[PDB]
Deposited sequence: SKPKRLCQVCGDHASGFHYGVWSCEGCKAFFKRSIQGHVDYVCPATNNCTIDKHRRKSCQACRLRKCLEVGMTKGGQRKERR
């Protein structure tokens, strides 16, 4: 377990996955996306923060891409 944080949601990172530090959740979520159509119910600017229980599927995927997952 690395002393690093997930660049997507701020949870503890499990490792360096798809080119970014990420948790198992965000790793699998991105994994499943490369194999989807999400719609943000708000304005495409949702906070992704695991500790505060904030997430949005569309904005989660956009943030995965934003921070550099490939």
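Missing C-alpha coordinates mark the following deposited-sequence intervals, in order: 1, 37-38, 74-82.
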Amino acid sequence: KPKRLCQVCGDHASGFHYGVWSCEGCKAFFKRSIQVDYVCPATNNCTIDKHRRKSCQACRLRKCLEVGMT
From here on, numbers count along this sequence of modelled residues.
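Here 20-28 and 44-52 are compared by their mean Cα B-factor, and 44-52 comes out higher. Among all modelled residues in this chain, the alpha-carbon of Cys6 has a temperature factor (C-alpha) in the lowest third.
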